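Undergrad: This one is an experimental structure. Sequence first:
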Amino acid sequence: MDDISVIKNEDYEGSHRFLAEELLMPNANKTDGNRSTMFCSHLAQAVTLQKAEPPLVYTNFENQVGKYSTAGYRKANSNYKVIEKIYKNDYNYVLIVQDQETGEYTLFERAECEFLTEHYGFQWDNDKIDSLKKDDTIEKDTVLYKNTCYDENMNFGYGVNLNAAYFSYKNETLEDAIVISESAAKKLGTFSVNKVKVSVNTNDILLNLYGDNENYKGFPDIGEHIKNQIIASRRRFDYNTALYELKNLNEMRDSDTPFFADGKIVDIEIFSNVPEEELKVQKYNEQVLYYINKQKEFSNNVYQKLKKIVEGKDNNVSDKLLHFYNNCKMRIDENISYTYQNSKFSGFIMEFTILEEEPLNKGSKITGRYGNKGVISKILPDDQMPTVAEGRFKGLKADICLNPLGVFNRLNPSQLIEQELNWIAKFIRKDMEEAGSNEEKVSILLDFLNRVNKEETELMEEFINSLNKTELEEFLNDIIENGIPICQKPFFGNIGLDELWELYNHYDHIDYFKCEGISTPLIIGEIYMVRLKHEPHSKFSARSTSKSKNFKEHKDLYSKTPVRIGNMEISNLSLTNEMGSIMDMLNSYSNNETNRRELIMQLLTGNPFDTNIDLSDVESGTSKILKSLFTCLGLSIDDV
Amino acid sequence: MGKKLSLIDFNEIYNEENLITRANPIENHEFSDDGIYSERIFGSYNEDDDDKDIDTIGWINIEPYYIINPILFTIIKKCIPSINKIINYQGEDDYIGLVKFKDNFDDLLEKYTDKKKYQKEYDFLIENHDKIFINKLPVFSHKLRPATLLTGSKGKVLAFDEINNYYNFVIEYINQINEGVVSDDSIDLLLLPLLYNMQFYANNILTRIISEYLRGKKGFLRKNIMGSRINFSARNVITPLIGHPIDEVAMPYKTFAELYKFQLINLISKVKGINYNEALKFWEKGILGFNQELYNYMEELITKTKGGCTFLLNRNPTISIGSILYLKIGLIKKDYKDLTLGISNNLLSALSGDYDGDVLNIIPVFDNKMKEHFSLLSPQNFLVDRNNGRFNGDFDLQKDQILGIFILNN
């Protein structure tokens, strides 16, 4: 409404309720609304990072975001005891447990990867669930398997902290551009999981791409990475009677449909509507048969282990376990016809789950929590990055260098405060290491924290005095080397210009670093950085004469969707005032079929470094079809 | 539907050689030479012997009886409301018959006219007296009307367009009337029902041609005007490049390989003295992953190509001078994963794009003649503002560059 008088600040003082996603943003009062809404979008666009860390400057709600986002970790909801463990694959297995109080029987599934959509997914740390053994009790709130975001005590991290300096690196950091050290780029690593379905009909066969003559392997094995970016190639046959081109079976052809992806396959699921005898008799199914049998063995075992539980009088079984048992029993039972898309399918359908560690590449977008945006223009060696020399902090290398121009225009001042806070914190850390006893070190720590956040100081003193001296020494060394925890709440509890002023004036020794080849003094401080979903691969297109529906189904390596030329483009080309050449390009590339065939032939038969094309003047195929139809109508163009 | 264009006299275009008088498509288990589906007159795409394009059109003779011109039926209907009643046998001249209408058309047209509303139509009918009556009906090539091959239990399935069912029907009606020379003994003319239904069938065939125009015939031509789908095209994200001239750019490994695939294979076949099929196999391997050998052939091509290796870069909307620019491929990147075009910051202002992850369209130019003509769109030629003749600030030093020069001089 026109009146904003309804809002009274005293009511919301000390309360962060009006913030939602901005609860993950430090110093949110200083950041503009536009940057904040961009940050809210970026959080959804963020991708999981292998080496994610808890932020050095944190709002203290991040861990809560990890707890209430159930997609990343599995927590038991009751006390359980491990009844048994059954394996389908080395990577994937199921664990049968019984509630120690209720008596209900439940199951947990272990796999390395989680598929989200498209290529997006994340790996699982299955250390605890693999550690669990038969006759081992599972406590109430234990975390069986977790995402890389969570740490040993389940603290939540959506990004990595990188040393940042605002510096103009050969003008490469122009507008929203970033230059990164190779190690830092190693820190920004994402997982990609892809589920690819290969459908083989009765007369279709899979080529022996991955196997020798004695052993037929048409697709990678459970532990093997893809080679040449081809999972498998399918050859469709009209009848399959002859099987005469056995030498062509090993070879590959243009007619054969190839499926493209990269990574290590971690699970294969085969759905078969073909009689076992047909698979056994023909050698090309041997690999498939083996995996099919493996599934069957697993299925049979679970039935044998759990039949008494399911049909027994107690029948204290969870619905999840019941449905899993019923599905396995359906598999072992005969006359089971599998259907895909509401139709019975010939042959068999195979689903591959493929996991690849994807590194940071040029054109990828990484950003901070304050609405700033950045594109990775160049990845450079660590030595080439600004390195301060001849100081106590000698050899400090900048992980990322950001554009200095326009920082104030962006209206996101808080990023500078994070950088500067970590820089002064670097000074405090070196001061603690340099001199004093453990008591002096904790005293310096408490002084700095009281300057930043008093509540953090009080809780930190509680934690410090609670720790025994050995634990205190370990905590002190961790603070000196790994980093310093600083708490900056989003709206209430943040520091300001005056507080930073006090921090700089009291610690008079703190001044800018003079780097090796840089005349201007620089500030190098850790900034939290997150990786966004956007990558150059998504929008890449390439076309050569011969929409890419194959690329979406993984049958083409990259999209071949053609670019479209329109009236605006034709006018901009007509600026040249050589309409004939524009028509030549249009007809040779698109409109005229004969001219396009001639262009391909001339390009392949002509001089390699000299290209001069002569194109015949002929009516287009569209023109021929139009002339035929109009004469049938009885109408012809006159005075063309 | 409200279209004005020149009419055709079918008799002038009629050819006895391309005459379709047989309604049966197949003769003795092969496509009939005289049938509607005739390889003889229309051809076969597989065998080169056909030497006949789609423009080939068959012909039919309806003599000794004439049918109303299908295109002009609506125009005749507006002038003469009783045309539908008159042609069939069941005003004063209601249901006289088609042949009687043909003889008395001048009387009927004057009889049925609107002085104000249909004077324009009447004048057109006066202009086209000769084209009112149709003796020859055209049949378009069987190549355009496909018959999809399918297996059927009763017999092998013959697929036909909705119009194709009508075509075999239309030929049958006339065939019977001509066979009898003396048979009718003047006692009973049943030829009028056969001719009558034929007029509607041909009219619906004409309407089908309108639907065929709707079914990707003229529409595809309009699709080219809306957007001509150019092969040998690419799209790539833009990333800043430093250390190279304004006109030169950096092109990814995959982009160059596909765009210059046919150019590259020519070199590979010659250097290794191998067949083009064998050369394609090497190209496929290189596309899958970076190999030094294919990069070397590409590196030689960009260096030694006549006129350089050049392309057109357009940022849509292409509404401004400099939206499409003629640029040079200076270097080819050696990282398979890196798929970003490297462009000079000075080019950006003319293009109006930004390094925000948006994609720009790449149209390579191959012919040396086109390269010179499209070089009129090059950045150097656009250094002069066409409005004033002054220097173009779009190609000048930008924010980061200005600061360094300012520190140097001031």
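TA: Perfect, I can see it now. Numbers count the residues shown, from 1 in each chain, chains lettered A, B, ... in the order given.
Undergrad: For the rest of this, base every contact and every neighbour count on C-alpha atoms.
TA: Fine.
Undergrad: Around chain A, which positions in the stretch 151-300 of chain B sit nearby?
TA: Neighbours of chain A within the stretch 151-300 of chain B, by Cα under 8 Å from any Cα of the partner chain: B:206, B:209, B:217-218, B:221, B:224-242, B:254-255, B:258-259, B:261-267, B:285, B:288-289.
Undergrad: So which of those residues sit within strands?
TA: Judged by DSSP state E, those include B:228-230, B:234-240 as members of strands.
Undergrad: now stretch A:470-480, how far from the centre of its chain.
TA: Computed by Cα atoms, centre = their mean, to the nearest Å, the separation of stretch A:470-480 from the middle of its chain amounts to 34 Å.
Undergrad: mind saving the C-alpha coords of that stretch as PDB?
TA: What follows is stretch A:470-480, C-alpha atoms only, in PDB (Å, rounded to 0.1, in the frame of the first residue of the first chain):
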ATOM      1  CA  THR A 470      45.200 -30.900  25.000                       C
ATOM      2  CA  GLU A 471      41.900 -30.100  23.400                       C
ATOM      3  CA  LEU A 472      42.700 -26.400  23.800                       C
ATOM      4  CA  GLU A 473      46.100 -26.800  22.100                       C
ATOM      5  CA  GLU A 474      44.500 -28.600  19.200                       C
ATOM      6  CA  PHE A 475      41.800 -25.900  18.900                       C
ATOM      7  CA  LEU A 476      44.500 -23.200  19.000                       C
ATOM      8  CA  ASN A 477      46.600 -24.800  16.300                       C
ATOM      9  CA  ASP A 478      43.400 -25.300  14.100                       C
ATOM     10  CA  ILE A 479      42.600 -21.600  14.500                       C
ATOM     11  CA  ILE A 480      46.200 -20.600  13.600                       C
END
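Undergrad: list the buried ones in that stretch?
TA: Neighbour-count burial for stretch A:470-480 flags A:472, A:476, A:479-480 (criterion: 16 or more other Cα atoms under 10 Å in any protein chain shown).
Undergrad: which stretches of the stretch 101-250 of chain B form strands?
TA: B:133-134, B:136-139, B:149-150, B:157-158, B:228-230, B:234-240, B:248-251 (DSSP state E, counting those that start in this stretch).
Undergrad: thinking again about what came up before, filter the residues of the stretch 151-300 of chain B next to chain A down to the buried ones.
TA: By 16+ other Cα under 10 Å, those give B:206, B:209, B:217-218, B:221, B:224, B:227-241, B:254-255, B:258-259, B:261-267, B:288 as buried.
Undergrad: about what we covered before: for residue A:136, state which of the ones in strands among the residues of the stretch 151-300 of chain B next to chain A is nearest.
TA: residue B:237 (54.0 Å; Cα to Cα).
Undergrad: quick one: which of the buried residues of stretch A:470-480 is nearest residue B:181?
TA: residue A:479 (114.0 Å).
Undergrad: Quick one: residues in contact with stretch B:248-255.
TA: If you take Cα atoms under 8 Å, 6 or more residues apart in numbering or on different chains as the criterion, stretch B:248-255 is touched by A:541-542, B:234, B:241, B:287, B:290, B:295, B:327-336, B:338-344.
Undergrad: secondary structure class for residue A:266?
TA: What DSSP: H, G, I helix; E, B strand; the rest coil gives for residue A:266 is strand.
Undergrad: How about the one 4 residues further on?
TA: Secondary structure of residue A:270, reduced to three states by three-state DSSP: strand.
Undergrad: what's near enough to touch it?
TA: So residue A:270 contacts A:288, A:291-292, A:348-351 (Cα under 8 Å, 6+ apart).
Undergrad: And for whatever residue of the stretch 1-150 of chain B ends up closest to chain A, nearest residue in space, chain neighbours not counted?
TA: Here the residue of the stretch 1-150 of chain B nearest chain A is residue B:7; by Cα to the nearest Cα that distance is 4.7 Å. In this structure, residue B:7 finds its nearest non-sequential neighbour in residue A:635, 4.7 Å apart by Cα to Cα, 6 or more residues apart in numbering or on different chains.
Undergrad: Can you report how many residues neighbour the one you found?
TA: 17 (other Cα atoms under 10 Å in any protein chain shown).
Undergrad: What of residue B:405?
TA: 11.
Undergrad: repeat for the one 4 residues further on
TA: Burial measure for residue B:409: 6 neighbouring residues, criterion other Cα under 10 Å.
Undergrad: which ones are touching residue A:452?
TA: The neighbourhood of residue A:452, defined by Cα under 8 Å, 6+ apart, consists of A:486-487, A:494-495, A:499.
Undergrad: can you put these in TSV and add neighbour count?
TA: Shown next, in TSV, are the contacts of residue A:452 (neighbours: other Cα atoms under 10 Å in any protein chain shown):
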residue	neighbour count
A:486	22
A:487	23
A:494	19
A:495	19
A:499	13
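Undergrad: possible to save these as JSON lines with distance to residue A:339?
TA: JSON lines is the format used below for the contacts of residue A:452 (distance: Cα to Cα, whole Å):
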{"residue": "A:486", "distance to residue A:339": "57"}
{"residue": "A:487", "distance to residue A:339": "55"}
{"residue": "A:494", "distance to residue A:339": "59"}
{"residue": "A:495", "distance to residue A:339": "62"}
{"residue": "A:499", "distance to residue A:339": "67"}
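Undergrad: and the next element down the chain from the longest helix belonging to chain A?
TA: The longest helix of chain A (DSSP state H) is helix A:286-311. Using DSSP states H and E, the next helix or strand after helix A:286-311 towards the C-terminus is helix A:319-332.
Undergrad: sorry, back to before: are any of the contacts of stretch B:248-255 buried, and which?
TA: A:541-542, B:234, B:241, B:287, B:290, B:295, B:327-333, B:338-344.
Undergrad: Just give me the neighbour total for residue B:16.
TA: 11.
Undergrad: ok, now which ones touch it?
TA: Contacts of residue B:16 (Cα under 8 Å, 6+ apart): residue B:59.
Undergrad: Residue A:112 too?
TA: A:91-92, A:123-126, A:266.
Undergrad: Residue B:19: which of those is nearest?
TA: Among the contacts of residue A:112, and counting by Cα to Cα, the member closest to residue B:19 is residue A:266, at 66.3 Å.
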